[PDB]
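**Student:** Attaching a single structure in C-alpha cells format; questions to follow.
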Ligand SMILES: [Cd+2]
Ligand SMILES: [Cd+2]
Ligand SMILES: [Cd+2]
C-alpha cells in the first residue's frame, strides 16, 4: 500500500471528484 494515497488496486477506488489523497496518482486523478 501507499502512504498519502491509499487507493486500492482493484479499481473500486473510483477516486476523483472528492479525493483526499495527498499524493494520489491514479492516472486520471494524478
Ligand atoms: Cd489515492
Ligand atoms: Cd484512485
Ligand atoms: Cd485520487
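Residue numbers (my numbering): 5 to 34. For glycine and all other residues, C-beta sits at the position ideal for the given N, C-alpha and C.
#1: Work out the CA separation of residue 22 and residue 14 for me, nearest whole Å.
#2: Quick check on DSSP: helix, strand or coil for residue 25?
#3: Measure the CB-CB distance between residue 8 and residue 25 and report whether it falls below 8 Å.
#4: Measuring only from the beta carbon, is residue 20 closer than 7 Å to any heavy atom that is part of ligand 3?
#5: Tell me the DSSP bridge mates of residue 33?
**Tutor:** Once the coordinates are examined:
#1: Here residue 14 is taken as the residue at index 10 of the chain shown, counted from 1. Here residue 22 is taken as the residue at index 18 of the chain shown, counted from 1. Straight through space, the alpha carbons of residue 22 and residue 14 are spaced by roughly 19 Å.
#2: On the chain shown, position 21 is the one that residue 25 refers to. Looking at residue 25 - three-state DSSP - the assignment turns out to be coil, as it is neither helix nor strand.
#3: In the chain shown, residue 8 corresponds to position 4, counting from 1. In the chain shown, residue 25 corresponds to position 21, counting from 1. Result yes, Cβ atoms of residue 8 and residue 25 sit closer than 8 Å.
#4: Translated into the one-based positions of the chain shown, residue 20 becomes position 16. Residue 20 Cβ: within cutoff of ligand 3.
#5: Looking up residue 33 in the chain shown gives position 29. Partner(s): 30.
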